[PDB]
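S.K.: The following block contains the structure, expressed as structure tokens.
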Amino acid sequence: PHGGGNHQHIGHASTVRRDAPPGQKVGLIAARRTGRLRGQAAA
Amino acid sequence: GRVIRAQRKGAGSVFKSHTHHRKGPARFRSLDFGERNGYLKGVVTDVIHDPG
Amino acid sequence: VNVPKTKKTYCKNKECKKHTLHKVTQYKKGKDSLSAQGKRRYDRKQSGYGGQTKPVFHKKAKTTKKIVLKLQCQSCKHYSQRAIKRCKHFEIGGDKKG
Amino acid sequence: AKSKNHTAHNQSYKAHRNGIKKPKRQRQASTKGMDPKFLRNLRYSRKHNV
RNA sequence: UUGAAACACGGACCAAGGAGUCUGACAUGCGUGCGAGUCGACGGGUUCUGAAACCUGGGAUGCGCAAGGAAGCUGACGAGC
RNA sequence: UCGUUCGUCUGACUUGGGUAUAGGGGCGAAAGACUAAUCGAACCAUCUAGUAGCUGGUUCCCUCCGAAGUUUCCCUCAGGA
RNA sequence: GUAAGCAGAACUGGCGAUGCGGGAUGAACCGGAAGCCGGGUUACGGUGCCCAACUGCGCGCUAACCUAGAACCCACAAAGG
RNA sequence: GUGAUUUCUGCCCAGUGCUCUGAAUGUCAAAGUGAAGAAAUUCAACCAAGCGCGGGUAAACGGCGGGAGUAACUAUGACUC
RNA sequence: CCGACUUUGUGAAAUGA
RNA sequence: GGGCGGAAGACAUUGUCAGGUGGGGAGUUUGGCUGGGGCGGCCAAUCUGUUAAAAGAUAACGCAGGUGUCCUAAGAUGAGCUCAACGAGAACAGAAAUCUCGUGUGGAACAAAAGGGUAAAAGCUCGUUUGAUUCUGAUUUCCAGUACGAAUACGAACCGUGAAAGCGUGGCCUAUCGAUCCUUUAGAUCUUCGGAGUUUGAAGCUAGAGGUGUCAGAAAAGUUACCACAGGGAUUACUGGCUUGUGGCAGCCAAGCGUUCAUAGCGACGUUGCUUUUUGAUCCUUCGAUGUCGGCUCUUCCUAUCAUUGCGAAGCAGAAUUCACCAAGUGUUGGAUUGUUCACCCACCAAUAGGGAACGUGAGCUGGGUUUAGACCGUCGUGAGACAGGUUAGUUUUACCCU
RNA sequence: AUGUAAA
RNA sequence: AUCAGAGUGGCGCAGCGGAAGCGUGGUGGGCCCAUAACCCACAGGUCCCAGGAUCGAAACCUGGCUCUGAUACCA
Ligand SMILES: [Mg+2]
Ligand SMILES: [Mg+2]
Ligand SMILES: [Mg+2]
Ligand SMILES: [Mg+2]
Ligand SMILES: [Mg+2]
Ligand SMILES: [Mg+2]
Ligand SMILES: [Mg+2]
Ligand SMILES: [Mg+2]
Ligand SMILES: [Mg+2]
Ligand SMILES: [Mg+2]
Ligand SMILES: [Mg+2]
Ligand SMILES: [Mg+2]
Ligand SMILES: [Mg+2]
Ligand SMILES: [Mg+2]
Ligand SMILES: [Mg+2]
Ligand SMILES: [Mg+2]
Ligand SMILES: [Mg+2]
Ligand SMILES: [Mg+2]
Ligand SMILES: [Mg+2]
Ligand SMILES: [Mg+2]
Ligand SMILES: [Mg+2]
Ligand SMILES: [Mg+2]
Ligand SMILES: [Mg+2]
Ligand SMILES: [Mg+2]
Ligand SMILES: [Mg+2]
Ligand SMILES: [Mg+2]
Ligand SMILES: [Mg+2]
Ligand SMILES: [Mg+2]
Ligand SMILES: [Mg+2]
Ligand SMILES: [Mg+2]
Ligand SMILES: [Mg+2]
Ligand SMILES: [Mg+2]
Ligand SMILES: [Mg+2]
Ligand SMILES: [Mg+2]
Ligand SMILES: [Mg+2]
Ligand SMILES: [Mg+2]
Ligand SMILES: [Mg+2]
Ligand SMILES: [Mg+2]
Ligand SMILES: [Mg+2]
Ligand SMILES: [Mg+2]
Ligand SMILES: [Mg+2]
Ligand SMILES: [Mg+2]
Ligand SMILES: [Mg+2]
Ligand SMILES: [Mg+2]
Ligand SMILES: [Mg+2]
Ligand SMILES: [Mg+2]
Ligand SMILES: [Mg+2]
Ligand SMILES: [Mg+2]
Ligand SMILES: [Mg+2]
Ligand SMILES: [Mg+2]
Ligand SMILES: [Mg+2]
Ligand SMILES: [Mg+2]
Ligand SMILES: [Mg+2]
Ligand SMILES: [Mg+2]
Ligand SMILES: [Mg+2]
Ligand SMILES: [Mg+2]
Ligand SMILES: [Mg+2]
Ligand SMILES: [Mg+2]
Ligand SMILES: [Mg+2]
Ligand SMILES: [Mg+2]
Ligand SMILES: [Mg+2]
Ligand SMILES: [Mg+2]
Ligand SMILES: [Zn+2]
């Protein structure tokens with residue numbers, strides 16, 4: 001799903017839903033949050 | 001499209017575990033009357049490296 | 001477009017066959033019945049696989065509709081229906097011109 | 001590629017190959033389309049001729 | 001092809017093969033037979049070179065002999081210029 | 001393929017044999033690369049004489065008659081009525 | 001449209017579909033349309049040679065030391081001297 | 001996803017996406033339920049997930065402005081609207 | 001992913017009719 | 001003690017339906033015209049004027065505009081009146097408020113574009129009204145003499161108005177709109193549901209409405225530089241051809257410059273040409289292929305002459321320089337940067353003129369650029385990908401035939 | 001927020 | 001090159017035909033020894049230009065003028 005393009009980029013949100021079909025569920029599966037962990041969420 | 005790499009692992013073919021040099025499963029001993037109601041004495045004989 | 005609430009025109013009923021005073025209302029389409037043969041045949045055609053089987057119109061261009069008037073004469077209580085030219089704003093029995 | 005073309009060239013020649021036909025002149029011309037009141041009476045007058 | 005001797009394409013040469021056919025439905029024209037009829041086309045009978053030919057059925061098989069109506073239905077009373 | 005010149009050479013090294021994965025499938029240190037000179041979907045047979053408003057061709061003589069590139073409609077403009 | 005051997009119309013004719021005589025040569029310019037022949041006469045165009053037919057009879061103009069000039073279309077030449 | 005080590009990774013959760021939460025008096029099927037009817041049926045109430053409502057999230061996809069004036073030479077603009 | 005029915009039995013309470 | 005030992009437990013699970021999600025995957029689509037195509041526009045339905053050549057018809061992505069509406073009156077009819085504007089008058093009152101008289105062929109008004117039409121009206125004011133009605137035929141415009149739209153003239157009715165004749169079948173006339181199938185409505189105290197009935201439901205007959213604007217009417221998004229096929233010189237990108245706007249060269253006239261002097265040298269405002277090394281315009285040739293930039297190499301040709309030879313003129317004293325003629329015989333270089341043509345500097349030189357030959361020259365080379373497939377950046381795009389943006393790596397085949 | 005260079 | 005956008009108080013901006021304002025700036029008093037800040041009042045407009053329709057326009061169509069963004073590809 002991430003392949004292709006004149007520059008290497010994803011082009012869509014890399015977080016995919018839990019109920020995505022196999023072959024579609026690549027990236028950050030059913031992610032509740034992204035980004036660097038800070039403060040309470042790092043605890 | 002074609003079947004992606006994540007999908008190819010469930011078929012096993014080249015993605016099976018590499019276990020030719022492994023030493024067997026690691027676990028307790030099947031629980032019996034001896035271990036329920038007292039104690040069984042064992043002696044450690046070797047400490048061995050398990051590949052993987 | 002304003003239309004009077006009553007109107008005297010010909011009535012074609014065999015008990016009138018002359019100009020009588022009529023009551024003027026507006027036509028609205030009756031709700032479709034599920035037991036019309038066209039509806040039945042279509043529901044049978046849709047069942048199963050193959051997806052949409054009849055065309056679905058998309059390319060609307062008309063921004064108006066021809067208004068139909070339902071004229072009920074006040075002697076036999078039978079209706080006649082006549083369409084008028086397409087209009088955006090329509091009113092029956094509205095306030096008269098000055 | 002310019003696909004629209006109109007002309008009347010050669011058309012009068014084609015018209016005159018088999019002549020500009022005129023319809024045959026007829027005794028007792030047709031009454032279709034005349035005044036119906038006039039035509040009923042003409043029919044009734046002929047009905048009662050002796 | 002508007003326009004080919006063409007700086008448009010195909011063609012080195014020779015022999016042999018090589019492309020509007022068969023079938024079904026319909027139509028007009030023409031030929032044949034019979035004619036308000038006409039078909040014997042599925043069968044049967046008979047037939048000794050013939051899978052042919054010849055006979056038979058039909059009182060209603062097809063088409064025609066009557067049409068207008070969505071239908072229920074009704075169905076041409078006799079032509080003058 | 002050949003000549004000269006080049007990269008690497010104790011390592012994620014080179015290599016034989018055995019074995020596993022098969023076609024919208026495999027396998028990929030990723031080039032749509034490789035899968036028997038065949039890969040942006042192998043090869044073989046069949047459906048199949050697939051369809052083509054498009055290109056090519058379309059076989060004897062004489063005699064007689066002899067055009068059209070215009071109208072209307074068409075997802076119609078290399079077509080058809 | 002600056003124009004175009006350009007694009008689009010109106011009337012007629014031609015070429016396309018057509019050979020033949022002339023314009024050296026040319027699809028539509030001029031003459032003229034056609035079976036195979038003999039004889040005569042013409043059309044357009046010509047008559048010094050090429051090339052059939054007068055170096056014919058007349059009158060003027062031109063002298064180019066720029067390739068004088070010399071064929072409807074047609075293969076230009078202008079303002080100005 | 002990025003690409004040794006070094007130094008550093010700013011602002012944006014409004015959009016798209018992912019995710020968390022269910023008071024209930026939004027919407028949302030089959031089945032089940034009630035009514036009317038002679039029945040077919042119709043009508044009403046109800047209706048899980050989903051969506052909507054409310055949170056979170058950028059080392060998720062991504063994004064990260066204009067227009068005027070202003071210093072005692074002039075220019076410039078720390079400053080202001 | 002979600003509901004009904006089926007598998008699918010047993011018996012007890014609270015609001016419900 | 002007839003429980004192998006535990007955990008969950010009638011929930012999981014299974015089976016069948018129901019709703020939601022589902023480019024993970026399947027199938028398919030992604031108009032036309034078009035001075036190539038694309039982008040733009042709509043010249044696709046459609047009106048007025050003009051082009052249009054005094055009957056009718058008549059084209060272009062021709063010209064100036066218009067249409068998808070609006071109206072219970074802005075429809076019908078009867079009666080009365082007369083409009084735009086101007087002149088002369090009346091407290092506040094003036095350019096302009098209201099009133100009065102005169103003139104007034106329409107110079108106003110008539111829903112909207114344009115054109116036509118209308119004066120006891122077709123305009124304005126008032127009265128009364130619903131002919132903006134029913135039935136089916138006919139004809140005209142379009143045209144195939146088909147349909148639709150629209151319009152016209154009768155027939156058979158029922159009405160409005162007016163004393164009446166008359167007028168009235170929408171809008172003063174020319175545009176203002178829509179098949180089959182389907183659904184929905186109205187009409188008959190209608191026809192059928194095929195064993196006969198009652199009776200819901202359904203199905204028909206006639207006439208409307210719900211719409212197809214690509215407007216005689218499919219249900220429809222991209223990308224391809226990884227690409228394929230059938231064709232096209234009906235059609236682009238290069239040479240060649242026509243043209244010559246643009247590019248380049250050259251004339252004529254002479255207002256002025258040239259310290260005084262139009263013409264030594266120039267030459268404004270105007271105007272006539274030539275050229276075919278530019279580009280534009282066109283689409284005639286070539287798409288069963290004519291190797292597509294530049295340089296290198298080599299030859300030849302032109303003159304619109306830079307230098308070299310011989311001259312004429314000058315605001316030519318000399319030296320130098322400028323204009324012009326005859327003249328293409330000879331010559332026109334070495335380098336830095338750029339793939340470059342072009343350019344621009346350095347230097348020499350008598351001078352470092354200008355061009356053609358399929359923008360000479362790839363079976364002569366080269367391959368730097370451009371111009372496939374790998375890859376990076378920036379901008380764009382949700383994405384696949386795009387870039388007349390920059391970057392880097394990327395095969396240059398054959399002669400032995402004729403000349 | 002602050003306070004003539006003009007003594 | 002065409003095309004979208006925008007011209008309104010000194011400046012930046014709103015304005016849906018009955019029709020002109022918001023912030024800031026200007027002017028005159030007050031407070032202060034005196035300036036700002038604060039308080040009370042006051043005055044502002046060729047609505048880019050020329051039309052045209054319109055009960056009636058800064059607004060609605062047309063022309064003219066000036067600033068800004070865009071799309072311009074296959075060769
Ligand atoms: Mg994919
Ligand atoms: Mg990508
Ligand atoms: Mg890349
Ligand atoms: Mg992006
Ligand atoms: Mg079924
Ligand atoms: Mg189903
Ligand atoms: Mg044609
Ligand atoms: Mg051709
Ligand atoms: Mg040639
Ligand atoms: Mg060919
Ligand atoms: Mg050949
Ligand atoms: Mg043979
Ligand atoms: Mg019979
Ligand atoms: Mg080598
Ligand atoms: Mg070695
Ligand atoms: Mg070695
Ligand atoms: Mg090996
Ligand atoms: Mg091996
Ligand atoms: Mg690639
Ligand atoms: Mg065949
Ligand atoms: Mg062809
Ligand atoms: Mg031909
Ligand atoms: Mg002779
Ligand atoms: Mg990341
Ligand atoms: Mg960051
Ligand atoms: Mg956000
Ligand atoms: Mg968010
Ligand atoms: Mg339900
Ligand atoms: Mg819910
Ligand atoms: Mg797909
Ligand atoms: Mg096209
Ligand atoms: Mg074009
Ligand atoms: Mg004429
Ligand atoms: Mg005429
Ligand atoms: Mg009158
Ligand atoms: Mg008609
Ligand atoms: Mg009448
Ligand atoms: Mg009127
Ligand atoms: Mg309809
Ligand atoms: Mg029906
Ligand atoms: Mg029955
Ligand atoms: Mg059409
Ligand atoms: Mg595709
Ligand atoms: Mg591309
Ligand atoms: Mg020129
Ligand atoms: Mg020029
Ligand atoms: Mg051509
Ligand atoms: Mg060409
Ligand atoms: Mg070609
Ligand atoms: Mg070749
Ligand atoms: Mg060729
Ligand atoms: Mg060649
Ligand atoms: Mg010369
Ligand atoms: Mg060559
Ligand atoms: Mg290269
Ligand atoms: Mg590449
Ligand atoms: Mg690029
Ligand atoms: Mg050789
Ligand atoms: Mg200070
Ligand atoms: Mg200070
Ligand atoms: Mg003050
Ligand atoms: Mg103060
Ligand atoms: Zn009645």
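Here the Cβ is made from the backbone with ideal geometry for all residues, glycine too, and neighbour counts use every protein chain on show. Read-outs: derived from the displayed coordinates by stated rules, not from any lab.
S.K.: Could you give the C-alpha radius of gyration of the range D:1-48 expressed as a fraction of 2.2 N^0.38 Å, taking N as the number of residues it contains?
M.R.: 2.37
S.K.: Using the Cβ atoms and a cut-off under 12 Å, what net charge is assigned to the surroundings of D:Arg40, where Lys and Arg are +1 and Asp and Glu are -1?
M.R.: Taking every Cβ under 12 Å from that of D:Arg40, the sum is +3.
S.K.: Calculate the mean, over all residues of peptide A:23-29, of how many other protein chain Cβ atoms lie within 10 angstrom of the residue's Cβ.
M.R.: 2
S.K.: Using helices alone, I'd like the mean residue ellipticity at 222 nm for the protein assembly as shown: each DSSP H run of four-plus residues gives -39500 (n - 2.57), total over residue count, nearest 500.
M.R.: The helix-only estimate for the protein assembly as shown comes to -3500 deg cm²/dmol at 222 nm.
S.K.: May I ask which residue of D:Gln11, D:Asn49, D:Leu39 lies farthest towards the positive end of the charge dipole of chain D, with charges of +1 (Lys, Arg) and -1 (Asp, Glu) on Cβ and the Cα centre as origin?
M.R.: It is D:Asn49, whose Cα lies furthest towards the positive end.
S.K.: Specify the angular offset, from 0 to 90 degrees and rounded to the nearest 10, of the alpha carbon long axis of helix C:37-46 from the longest principal axis of the alpha carbons in chain C.
M.R.: 30
S.K.: Neighbouring Cβ atoms within 10 Å as the yardstick, rank C:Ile84, D:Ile20 fewest first.
M.R.: The most exposed by this proxy come first: D:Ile20, C:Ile84.
S.K.: Further question on the same structure: Indicate the gyration tensor shape class of the protein assembly as shown (rounded, prolate or oblate), computed on the Cα atoms with a ≥ b ≥ c the square roots of the eigenvalues: a/c under 1.5 is rounded; otherwise a/b larger than b/c is prolate and the rest oblate.
M.R.: Note, shape of the protein assembly as shown comes out prolate.
S.K.: For the range C:50-98, what are Rg and Dmax over the alpha carbons, in angstrom?
M.R.: 18.1, 61
S.K.: Which shape class, rounded, prolate or oblate, goes with chain A when its Cα gyration tensor gives a ≥ b ≥ c as root eigenvalues, a/c under 1.5 marks rounded, and past that a/b bigger than b/c marks prolate?
M.R.: The shape class here is oblate.
S.K.: Which value results for Rg/Rh of chain B when Rg is the Cα radius of gyration and Rh the Kirkwood radius based on the inverse mean 1/r?
M.R.: 1.26
S.K.: Cα-Cα over 27 Å: which of C:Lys54/D:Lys2; C:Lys29/C:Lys85; C:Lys45/C:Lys66; C:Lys12/D:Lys47?
M.R.: Checking Cα-Cα distances, C:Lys54/D:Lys2; C:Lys45/C:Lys66; C:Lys12/D:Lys47 exceed 27 Å.
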